[PDB]
């Protein structure tokens, strides 16, 4: 596959530009160490677990950590963190308790240090296990995801709070394309594997075929450039957000918003692979979806261009 040699070259250069460095990764793991020790100072029965992009390997540089306390203790933890010289915010008695650390004055992790600490978020820990597994399965996934995230931030469509879509949402659109759209698939669907064993946590099946070494190498040999082009095209032109659900529970990836009963927020429907009642795209508005689709189409057009060379840089330019 040399269909996208130049786009691919550019893609890997950008990737090496934006990927989290090994020194920042090391700092983040040392901060987790520090934070786990502080937690162990208040209860021996509480555990501190990383999840999200740092844990699965899908992290951009200058990214925030996603932490989870596993085991009323939140308040106590919060107070010890501040006493320890950390700066942060927390609202006791919140439905979803959250400690947001925004700074460190004493522990060496910088005035810009940020992480969110949730409590008993086991589903996020499991979906992170899935994403880790897939990044282990194929070497093209990590860079593809970093590039999609970078693009979505640059284009201003990575704002859940402001009508667009979480980074996690983007990762799932990527996986779904890799699994159920592209032929041949880069990836099998690990949830639907005949070898998958059910495993119930907080009411949902988080079981998946996790025996990676028994998974055969991808029969798709496309280049990174080709995969990205195909992805942008699928969401620009083929996927129908008004009627379809991105899903990981159908052998052919076909799911209608009406079977799902997701017909009244469901502008963009992305069914979480484990938390099946959660629409990861719940934050996408009518206007946010129009802007998202607009960006998919412009990206598609850029890469379908007839001229040469193609100004690939515009793919990650602002606005």
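Residue numbers count along the first chain shown, from 1. Rigid core: the largest C-alpha set superposing within 1.5 Å between the two forms.
### Message
Out of 42-50 and 283-291, which one drifts farther from the shown form in 6 other deposited structures of this protein in terms of CA positions, with the fit done on the rigid core?
### Response
After superposing on the rigid core, the more displaced stretch in 6 other deposited structures of this protein is 42-50.
### Query
Do the Cα atoms of 92-100 stray more than those of 236-244 in 6 other deposited structures of this protein, or is it the other way round, with the core held fixed?
Taking the RMS over all superposed structures in 6 other deposited structures of this protein, 92-100 lies farther out.
### Task
Find out whether the coordinates of residue 264 are absent in at least a third of the other compared PDB entries of the same protein.
Yes, residue 264 lacks coordinates in at least a third of the other compared entries.
### Message
Our gap detector needs a label for residue 264 to residue 265. Which class matches the unmodelled residues of the deposited sequence there: none, 1 to 3, 4 to 9, or 10 or more?
### Response
According to the record, 10 or more deposited residues lack coordinates from residue 264 to residue 265.
### Message
Going by the PDB record, how many residues of the deposited sequence fall between residue 71 and residue 72 without any coordinates: none, 1 to 3, 4 to 9, or 10 or more?
### Response
Count of unmodelled residues in between: 4 to 9.
#### Entry: 22-30 versus 269-277 - greater average Cα B-factor per the deposited record
The stretch with the larger average C-alpha B-factor is 22-30.
### Of 96-104 and 242-250, the stretch whose C-alpha atoms average the higher B-factor in the entry
Per the PDB record, 96-104.
### Query
Per the entry, which of 194, 203, 230, 169 tops the list for Cα B factor?
Highest C-alpha B-factor among the listed options: 194.
### Message
Splitting the chain's C-alpha B-factors into thirds, which one does residue 65 fall into?
### Response
Middle third of the chain for residue 65's C-alpha B-factor.
### Position of residue 257 among the chain's modelled residues by C-alpha B-factor, lowest, middle or highest third
For residue 257, whose C-alpha B-factor we compare with every modelled residue in the chain, the answer is the highest third.
### Task
Report the third (lowest, middle or highest) to which the CA temperature factor of residue 188 belongs, ranking only the modelled residues of the same chain.
Lowest third of the chain for residue 188's C-alpha B-factor.
### Assigned third (lowest, middle, highest) for the C-alpha B factor of residue 163
Middle third of the chain for residue 163's C-alpha B-factor.
### Task
Divide the modelled residues of the chain into thirds by Cα B-factor and specify which third, lowest, middle or highest, holds residue 289.
Residue 289: CA B-factor falls in the middle third of its chain.
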